[PDB]
Amino acid sequence: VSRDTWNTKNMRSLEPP
Amino acid sequence: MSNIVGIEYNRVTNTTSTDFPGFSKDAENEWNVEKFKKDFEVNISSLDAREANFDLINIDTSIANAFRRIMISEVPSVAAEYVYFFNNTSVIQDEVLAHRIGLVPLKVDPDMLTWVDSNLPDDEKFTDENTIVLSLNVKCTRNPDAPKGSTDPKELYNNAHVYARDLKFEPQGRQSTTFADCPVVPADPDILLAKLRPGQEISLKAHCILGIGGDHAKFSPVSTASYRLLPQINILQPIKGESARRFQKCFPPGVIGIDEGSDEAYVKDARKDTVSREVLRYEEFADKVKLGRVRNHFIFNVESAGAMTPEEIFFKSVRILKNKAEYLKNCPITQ
Amino acid sequence: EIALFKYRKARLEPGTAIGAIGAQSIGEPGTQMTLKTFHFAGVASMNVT
Amino acid sequence: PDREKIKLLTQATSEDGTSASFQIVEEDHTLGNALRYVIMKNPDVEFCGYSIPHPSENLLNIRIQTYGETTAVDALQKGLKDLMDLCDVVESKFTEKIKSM
Amino acid sequence: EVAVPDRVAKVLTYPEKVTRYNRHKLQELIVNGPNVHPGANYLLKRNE
Amino acid sequence: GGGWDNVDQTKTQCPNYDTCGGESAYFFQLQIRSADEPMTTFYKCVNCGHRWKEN
Amino acid sequence: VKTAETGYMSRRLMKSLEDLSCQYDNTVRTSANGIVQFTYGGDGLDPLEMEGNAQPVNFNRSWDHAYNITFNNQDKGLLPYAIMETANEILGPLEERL
Amino acid sequence: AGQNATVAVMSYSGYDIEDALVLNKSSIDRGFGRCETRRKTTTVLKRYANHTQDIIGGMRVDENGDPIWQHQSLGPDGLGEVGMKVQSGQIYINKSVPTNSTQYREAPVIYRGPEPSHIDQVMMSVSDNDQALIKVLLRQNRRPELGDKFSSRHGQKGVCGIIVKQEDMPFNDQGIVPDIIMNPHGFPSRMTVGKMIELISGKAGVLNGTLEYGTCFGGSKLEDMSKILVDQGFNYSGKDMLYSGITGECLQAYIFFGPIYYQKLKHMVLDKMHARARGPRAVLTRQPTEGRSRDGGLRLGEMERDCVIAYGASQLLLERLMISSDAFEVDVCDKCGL
Amino acid sequence: XXXXXXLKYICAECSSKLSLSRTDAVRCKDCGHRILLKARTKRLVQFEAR
Amino acid sequence: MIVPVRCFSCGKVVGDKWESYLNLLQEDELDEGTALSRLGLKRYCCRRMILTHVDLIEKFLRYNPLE
Amino acid sequence: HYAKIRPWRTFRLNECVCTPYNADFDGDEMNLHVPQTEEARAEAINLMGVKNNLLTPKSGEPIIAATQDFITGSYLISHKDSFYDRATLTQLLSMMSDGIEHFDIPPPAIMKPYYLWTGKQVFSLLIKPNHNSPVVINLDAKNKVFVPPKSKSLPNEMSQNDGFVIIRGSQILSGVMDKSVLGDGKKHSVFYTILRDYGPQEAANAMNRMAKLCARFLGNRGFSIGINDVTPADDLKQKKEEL
Ligand SMILES: [Mg+2]
Ligand SMILES: [Mg+2]
Ligand SMILES: [Zn+2]
Ligand SMILES: [Zn+2]
Ligand SMILES: [Zn+2]
Ligand SMILES: [Zn+2]
């Protein structure tokens with residue numbers, strides 16, 4: 001916990017289909 | 001009033017914002033950052049692999065509810081969408097079994113998959129960037145042992161219980177490399193998918209794709225994302241003696257304490273308080289206690305279904321709200 | 001002006017199926033009334049239907 | 001260039017702006033309420049409110065009426081940008097708290 | 001108003017005669033056909 | 001005569017309150033509606049003798 | 001019992017009163033052109049259009065509506081007789097028409 | 001026969017007026033109110049006095065080897081394959097009847113369903129009179145949809161007026177979201193106090209881990225259930241402070257919130273939706289047929305005719321009672337009216 | 001890369017695997033049971049996981 | 001029939017708790033309420049999911065036709 | 001009716017028009033006929049149209065009007081304890097319309113310490129949303145629960161409860177929005193007066209406005225019934241026992 005994953009992982013799933 | 005939601009015996013009062021210019025002659029509380037920036041606070045009470053408890057202090061109800069709604073129904077997650085039954089001779093129907101598999105949450109990281117394009121023919125729609133393939137091959141046989149007659153069906157039959165852990169990840173194409181360090185498993189391996197008897201067999205594979213909780217619940221990534229306004233208990237006049245013990249028994253065990261010496265009751269932890277307003281039915285604390293809720297203090301409790309960490313779920317919800325605002329701002333307005 | 005306009009508008013229009021309208025206006029109430037005569041408890045009057 | 005996302009409703013629009021209805025597709029109470037709150041925090045806005053005309057349609061009509069200072073379109077743009085800035089503030093605070101713990 | 005299911009609207013029809021005022025609309029409905037709702041199930045030619 | 005004192009009044013204002021100031025009504029309740037529907041109540045104003053069913 | 005008796009009185013009275021319609025000379029006649037009422041209700045008024053208590057006009061509501069619609073604090077109120085002069089100027093053409 | 005729905009008794013969305021119920025989408029997604037119907041079709045291959053009998057041979061293919069669409073799920077034996085889906089128009093029993101009951105005329109059993117079914121059982125047997133007997137079981141999963149009927153053990157029935165997303169539902173401090181919302185207006189006139197007591201007793205029972213009793217003239221006392229509710233942090237009367245799911249703010253009234261046993265009734269709108277434009281007619285009267293199975297029309301009876309007359313709509317009378325029911329172009333002699 | 005897709009009878013009581021030859025009987029061969037059920041189809045059946 | 005995977009109201013996974021609940025009731029017997037609380041079923045919706053489940057699949061499996 | 005094509009399998013209708021049909025959404029099935037000729041279609045929509053038949057022909061009283069939840073929501077909005085800030089008021093008006101109607105916001109009833117509008121102002125805006133609307137309504141009505149004023153000589157709007165409705169120029173000056181002023185059978189009804197003074201279209205516009213407003217308002221406000229609503233008080237136990 002207490003570790004950022006949004007910074008290091010590019011959010012592909014958040015793109016509009 | 002004045003930012004405090006009123007908890008009365010028969011009604012709730014002061015439930016709206018009242019923090020805009022035009023509420024009063026003092027046209028204050030007009031929007032600006034560097035006021036919201038200095039006012040707003042985040043207090044993370046606890047963080048786990050699946051549950052997060054954090055406070056959003058000095059934020060509006062509409063924004064907090066937007067985050068909650070996006071977490072529930074707009075953060076994408078991976079769930080089985082199509083189940084292909086090669087063989088199912090169990091007592092559970094194929095549609096029921098497919099629904100159960102879809103409800104099984106998969107410990108596969110989103111943003112490692114691409115949204116399926118619906119405008120493609122079924123033979124070119126599913127790619128290795130779009131889909132996870134899960135196989136399931138279970139057959140029941142009589143156990144070649146001699147235990148006590150008619151015992152439980154665990155040492156009596158082989159593979160009598162089908163669990164979510166029996167769903168096998170089948171990498172396709174480049175998934176053999178990208179998923180090598182993180183093989184796809186169900187977040188809850190011990191989900192009882194099916195029970196079946198000797199001679200019965202389930203053989204299937206399931207295609208798991210990104211999806212939205214608003215579309216189907218199986219895609220929702222939170223077993224519950226919710227908040228609650230921070231309770232506020234105001235002891236207007238001192239309560240002492242046996243009356244203090246009676247007053248203390250009207251709240252959850254650790255909510256308000258009894259001072260030693262001064263002997264007066266005092267509010268020890270209002271965060272532990274569920275607002276049952278049990279004090280408001282006794283007529284001896286009617287003028288001695290005021291129950292409230294801080295309207296702009298939100299105690300968020302985010303519990304993940306298993307696919308992503310709750311902090312990531314919340315951050316994605318904030319990102320989604322920002323991105324829809326940004327996309328709408330960039331869109332040209334059509335006549 | 002308002003009163004005269006309302007009185008003029010209140011006149012029955014030619015072509016109206018006034019007989020059918022009256023039949024339904026008298027019979028539709030006849031569906032919500034009991035066949036049996038139900039009286040207030042304590043009237044003790046002659047049992048006129 | 002999305003020409004179908006947001007539409008000015010010309011029938012529900014005043015002369016020289018200051019009053020307009022915008023139809024936004026594929027949006028619901030989530031964006032509607034937050035946008036309405038942010039817009040209502042604009043001193044020039046005298047009327048903000050949204051409605052989902054029917055549950056069977058992924059659609060949202062948001063109404064803005066201002067005074068003479070700005071137009072409804074400008075009020076909507078300012079509200080959207082302020083919503084983004086709010087989301088940035090929340091993201092920064094949450095990220096710093098997550099890192100610290 | 002009454003809300004009508006699209007399924008029963010695809011079978012319940014109105015016999016709209018083609019005039020100079022609605023020919024384009026009825027052409028679009030014929031192109032749509034009987035399987036998408038803003039469409040048509042039957043055509044009766046003038047001379048048939 | 002009449003034994004209306006031996007009937008169950010109630011606290012209701014009849015529709016003809018613009019003619020008489022009646023706040024009472026002898027009543028009886030019958031379920032002339034279906035089992036899925038609730039019960040129907042009948043009234044009779046004591047100030048004018050005007051009857052009406054409030055359903 | 002009510003369900004069983006629904007559609008009986010209405011049907012019977014319908015068979016009786018099917019063909020009674022208002023004529024263009026304000027008479028209610030059978031389909032055989034025989035007069036049942038020389039005027040409907042002895043009034044000629046549609047029960048659907050009666051704002052009052054079986055009367056066409058609600059005088060009090062109409063008066064209040066006229067007062068509010070024509071209200072003007074910068075207007076001169078008539079004398080009691082001038083009100084009646086206006087009333088008898090409007091009514092009396094119609095009264096002596098009959 | 002039922003399920004313990006989480007119920008919030010409150011006015012909501014305006015789609016719950018008049019017994020109508022508000023059902024939670026994503027409770028339906030998770031299997032709430034999910035049912036299925038199984039239907040059997042029975043055909044006998046009867047022998048005849050000419051030593052002939054019906055047969056179930058068939059399953060003709062196209063040149064590419066694949067069966068024709070009518071025979072997509074039919075199997076080599078001519079009887080539909082277990083597990084295969086049958087859409088409307090497909091054959092699952094390909095019965096051929098002799099033409100001199102040598103030559104066989106097709107009399108196959110064709111699936112006529114608005115929604116597809118799945119063949120889940122095909123039974124081949126004989127009766128006591130030495131005659132072939134084929135029974136096919138068709139199953140069909142059913143999602144609770146708009147218009148499906150529910151009831152709650154207290155005569156409070158109603159159809160689903162609206163299906164709403166979970167995030168649109170009101171929620172409590174723990175995030176509990178009702179599966180069903182029922183109108184408070186159904187209570188005051190029906191006086192089903194037993195339903196409120198059931199809600200409180202069920203809430204106390206779920207929080208206490210014990211199934212409660214609502215036995216006639218007895219059951220679990222209301223005060224003990226209130227004691228359980230208070231001891232677990234809930235209001236004694238089962239009214240919780242909820243937040244609006246669409247605004248997020250506290251609801252100004254406390255909402256009756258708890259579990260109620262809800263039964264899904266056999267009246268689903270999928271079996272009631274009927275619509276006829278034109279089709280089968282009874283030859284005797286040349287009027288549309290009488291049943292939803294035969295695609296019959298709706299009867300405009302004497303009462304509806306009287307209503308239309310009372311409206312004064314002569315042309316509508318003509319259109320409904322002649323033009324759209326039975327319009328015959330007869331030849332009449334002017335001399336003798338024959 | 002992409003990704004593509006993915007006459008036995010049963011005795012009602014003894015659960016034996018029957019294969020009915022052309023016009024033989026409708027009876028089980030091991031026991032005399034007269035009720036036979038078709039085995040599940042061997043081909044693929046696809047379902048929505050909803 | 002068989003325990004639902006998820007709570008109808010919450011969406012919390014309860015299909016992995018049926019067997020542990022049964023073993024909590026049988027081995028080292030607990031009350032039903034404390035057995036539910038020991039499994040993390042805190043909310044009353046998730047509680048009723050397990051408390052009211054009728055395991056009909058075991059009865060159905062007694063009529064297994066593929067013995 | 002005018003057809004509106006929708007995705008589900010039911011005949012949906014506005015609950016305001018359930019009373020003439022006597023329908024109660026509990027498995028009720030209704031028959032829909034499509035007239036096939038132009039003359040029959042015009043006759044249907046001009047003689048049997050819902051807007052042309054808001055009054056029963058047996059008495060002339062309105063029969064298409066507010067049903068239960070619409071009445072309760074109207075009463076709760078117009079309740080004398082209802083005060084709304086500008087944001088809540090504008091959201092209420094947007095829900096009342098479809099977010100496509102211009103509203104002239106009147107001065108608030110309370111100007112110090114806060115700009116607060118009453119629910120009666122909300123319903124005044126329901127009747128007459130802006131100056132371009134011609135619906136100017138004047139009305140005196142008694143609510144079904146009307147306790148008289150404290151004194152015999154005192155006028156009717158001085159009732160101890162909000163039992164007398166005064167509307168002057170489409171402005172609700174007193175009295176709650178009730179069944180007797182928004183429901184059936186009353187010729188002092190708001191919708192009856194709008195009909196008789198300005199047309200079926202105006203009356204239907206007001207009714208649709210109210211229906212949308214209530215459908216969106218009751219759920220967000222919260223209205224519930226519980227066992228505590230039917231639990232007698234402790235003193236009633238002793239009083240009833242001895243009586
Ligand atoms: Mg009923
Ligand atoms: Mg009914
Ligand atoms: Zn009276
Ligand atoms: Zn002749
Ligand atoms: Zn056998
Ligand atoms: Zn739950």
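Because only heavy atoms are used, hydrogens play no part in the values below, and waters and symmetry mates are left out as well, while side chains stay in. Proteins come first, then strands; the chains are lettered A, B, ... in the order of their sequence lines, and each starts at number 1.
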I163(H) and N24(H): which non-hydrogen atoms are nearest, and at how many Å?
-> CG2-C, 4.4 Å
Is it the backbone or the side chain of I162(H) that comes under 4.5 Å from a heavy atom of chain D, or both, or neither?
-> side chain
Is it the case that the side chains of [Y] and [X] hold a donor-acceptor pair, with the cut-off being a distance below 3.5 Å and no angle test?
X       : Y       : answer
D29(H)  : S26(H)  : no
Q3(H)   : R34(H)  : no
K195(H) : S152(H) : yes
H118(H) : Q140(H) : no

Heavy atoms under 4.5 Å from chain H: which residues of residues 42-57 of chain D carry them?
-> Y50(D), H54(D), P55(D)
Check the pair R153(H) / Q263(H) against side chain to side chain contact (heavy atoms under 4.5 Å, CB included), numbers first and verdict last.
-> CA-CA 7 Å; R153(H) 283 152 95 205; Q263(H) 321 160 299; 4.0 Å; yes
Test log, rule salt bridge (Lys or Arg N to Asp or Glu O under 4.0 Å), inputs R142(H) and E145(H) = CA-CA 8 Å; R142(H) 293 204 174 181; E145(H) 62 187 83; over 6 Å; no
Just wondering, do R139(H) and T37(H) contact through their side chains at under 4.5 Å, heavy atoms?
-> no
Quick one: which residues of residues 238-260 of chain H reach chain D at under 4.5 angstrom, heavy atoms only?
-> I246(H), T247(H)
Backbone N/O of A12(D) and side chain of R63(D): donor-acceptor pair under 3.5 Å | yes
I would like to know whether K5(D) and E27(D) meet salt bridge (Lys or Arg N to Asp or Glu O under 4.0 Å); could you show each step before the answer?
-> CA-CA 9 Å; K5(D) 176 71 173 173; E27(D) 301 272 37; 3.4 Å; yes
